[PDB]
Amino acid sequence: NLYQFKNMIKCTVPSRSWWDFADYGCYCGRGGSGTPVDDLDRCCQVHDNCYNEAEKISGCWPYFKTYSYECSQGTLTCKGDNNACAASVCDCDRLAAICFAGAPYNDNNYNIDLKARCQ
Amino acid sequence: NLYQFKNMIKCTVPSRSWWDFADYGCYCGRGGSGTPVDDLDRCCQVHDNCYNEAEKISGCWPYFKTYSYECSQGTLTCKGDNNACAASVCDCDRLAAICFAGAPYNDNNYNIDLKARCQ
Amino acid sequence: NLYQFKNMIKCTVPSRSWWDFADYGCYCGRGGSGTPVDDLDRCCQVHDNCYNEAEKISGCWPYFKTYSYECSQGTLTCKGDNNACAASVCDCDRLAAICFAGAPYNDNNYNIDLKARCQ
Ligand SMILES: [Ca+2]
Ligand SMILES: [Ca+2]
Ligand SMILES: [Ca+2]
């Protein structure tokens, strides 16, 4: 669920706040369109995609689904007690949070005018 | 709930995405004010007022209420097993998804700059 | 949870809608950054902070947590049946709703260009 995803990003990029990622580029934020502006935005495109696949499990609602995972020293893992929905949503979230820790954060790419950069 | 409404719009308007509707006109987004810029936006105004009505029943929280419905070949039905709030929120959404498939989508009305047109 | 925060604002400032606050200044919406534009925006900044403290309780998810409170003609109380998470989220909410009632509402600070005045 949404809070768990915010917590995974805390596990992996403790220095940044959730809101630095929530409105970044063309994809980290509601929807997405265009070509990802950089590698971080590319992480977001892969995550919007992954949620899309997860949503084909009937009744699987990514932002509301509570799953089971563990953070240990910057490492993330999805536990075995997850049902199929919970296991897919958790996997989407941990791959995005790991991806965000390895991308450079470009401040010029936060809160961009989507109308001019993301066709 | 929010995801079910998204899926009802996938049932009637398979060609468009939720985000196409989420920032359209003066009402389809967060709130609403002024004169519906067209017939799609008017579907949203009607949806906004139906949720206001639904919120009158104690503890009826429309975005969070899971209800029961069926999508069969582009047809939506709110099935009878679910309680007063559930029944009502289902009907609000059903009617809005039907309405969206009937109205034309004016691409020049997506994310209008609200101060100028919704007074 | 978010509908209960909406109803607390209705107890305290019955003459305004939820949406007048949802998009005000630098803080009242999603996130926040910058210098609070006025006393109402400062109420929101303190509330965003209060939620970050409440989120330090494991599993305490402010928008989703249902708590128990009473609205008695403009006064609010968080009731004693709340567990620690619910009591913390209720208090954040309560204090923000009381703060909103004592602040002047500035129509020119509604839905501002965040880029120009909040970073
Ligand atoms: Ca996105
Ligand atoms: Ca609306
Ligand atoms: Ca805020």
Side-chain angles (χ1 to χ4, degrees), chain A residues 2-3 19, chain B residues 1-2 27 29-34 45 47-65 85 89 114 118, chain C residues 1-32 36-55 60-79 81-82 85-112 114 118:
Chain A
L2 185 70
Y3 280 94
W19 301 115
Chain B
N1 75 31
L2 188 78
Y27 283 82
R30 177 137 162 283
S33 280
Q45 181 187 52
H47 185 250
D48 282 3
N49 194 215
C50 187
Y51 270 13
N52 301 145
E53 285 305 303
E55 290 192 44
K56 263 73 150 286
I57 107 93
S58 260
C60 192
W61 304 319
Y63 292 143
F64 300 153
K65 237 288 147 164
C85 174
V89 171
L114 298 172
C118 316
Chain C
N1 67 38
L2 78 78
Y3 282 89
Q4 297 181 301
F5 180 33
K6 177 180 170 181
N7 286 302
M8 283 193 175
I9 298 174
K10 205 50 170 171
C11 177
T12 251
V13 186
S15 54
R16 298 213 72 119
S17 84
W18 166 256
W19 301 114
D20 296 348
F21 298 105
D23 220 81
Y24 186 104
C26 294
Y27 284 98
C28 292
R30 280 248 96 176
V37 299
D38 63 14
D39 296 326
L40 182 51
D41 211 21
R42 287 205 277 146
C43 295
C44 287
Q45 182 199 46
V46 172
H47 181 252
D48 286 359
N49 260 78
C50 192
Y51 272 10
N52 298 330
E53 290 307 296
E55 288 179 40
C60 191
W61 302 328
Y63 305 143
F64 302 152
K65 184 60 185 165
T66 299
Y67 48 70
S68 165
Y69 74 104
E70 215 95 81
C71 162
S72 176
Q73 217 274 240
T75 42
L76 273 342
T77 305
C78 293
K79 285 191 287 190
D81 44 356
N82 286 315
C85 168
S88 290
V89 173
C90 187
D91 214 58
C92 294
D93 280 3
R94 188 205 135 234
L95 284 165
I98 295 164
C99 189
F100 293 177
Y105 182 98
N106 277 301
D107 308 279
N108 278 294
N109 285 153
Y110 181 66
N111 186 228
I112 57 168
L114 298 178
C118 306

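So that the names make sense, note that chain A is the first sequence line, chain B the second, and so on, each numbered from 1.
The CG atom of C:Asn1 sits 11.0 Å away from the SG atom of C:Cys90 when rounded to the nearest 0.5 Å. Taking NZ of C:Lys6 as the reference point, atom SG of C:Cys11 lies at 15.0 Å (rounded to 0.5 Å). Within the model, atoms CD of B:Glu53 and NZ of B:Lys56 stand 3.0 Å from one another, a figure rounded to the nearest 0.5 Å.
In this structure, a donor-acceptor pair under 3.5 Å is absent between the side chains of C:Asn52 and C:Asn49. In this model, a donor atom of one side chain and an acceptor atom of the other lie less than 3.5 Å apart for C:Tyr67 and C:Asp93. Looking at C:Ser68 and C:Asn82, their side chains never bring a donor and an acceptor atom within 3.5 Å of each other.
Inter-residue side-chain proximity for B:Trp61 and B:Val89 is flagged as unmet; no heavy-atom pair is nearer than 4.5 Å. Counting heavy atoms from C-beta on, the side chains of B:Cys60 and C:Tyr3 never come closer than 4.5 Å. Here the side chains of C:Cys50 and C:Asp91 are not in contact, with every heavy-atom distance at 4.5 Å or above. Residues C:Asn109 and C:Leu40 form no side-chain contact, since every pair of their non-hydrogen atoms from C-beta on lies 4.5 Å or further apart.
Applying the 6.0 Å contact sphere to CG of C:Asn108 captures no more than 12 heavy atoms from other residues, nucleotides or ligands.
C:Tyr105 carries C:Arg16 over the face of its six-membered ring, with the cationic atom under 6.0 Å from the centre and within 45° of the normal.
Scanning all heavy atoms of the two residues, the minimum distance from C:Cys78 to C:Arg94 falls at SG-CD, 3.8 Å. When all heavy atoms of C:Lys65 and C:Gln4 are compared, the pair lying nearest together is O-OE1, 3.8 Å.
Remark: C:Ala97 engages C:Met8, C:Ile9, C:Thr12, C:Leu76 in a side-chain contact (heavy atoms from CB on, under 4.5 Å) (not counting sequence neighbours).
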- Message: Pair B:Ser33, B:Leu114 - check side chain to side chain contact (heavy atoms under 4.5 Å, CB included), show working.
- Response: CA-CA 9 Å; B:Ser33 280; B:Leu114 298 172; over 6 Å; no

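Side-chain N or O atoms of C:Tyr69 include none that pairs as donor or acceptor with a backbone N or O of C:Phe5 at under 3.5 Å.
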Show the atom names and distances, to 0.1 Å, of all donor-acceptor pairs under 3.5 Å that link a side chain in residues 23-31 of chain C to residues at least two apart or in another chain.
residue : atom : partner  : partner atom : Å
C:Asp23 : OD1  : B:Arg30  : NH1          : 2.6
C:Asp23 : OD1  : B:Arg30  : NH2          : 2.7
C:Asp23 : OD2  : C:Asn111 : ND2          : 2.8
C:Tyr24 : OH   : C:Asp38  : OD2          : 2.7
C:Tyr24 : OH   : C:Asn106 : N            : 2.9
C:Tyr27 : OH   : C:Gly34  : N            : 3.4
C:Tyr27 : OH   : C:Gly34  : O            : 2.9
C:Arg30 : NH2  : C:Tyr63  : OH           : 2.9

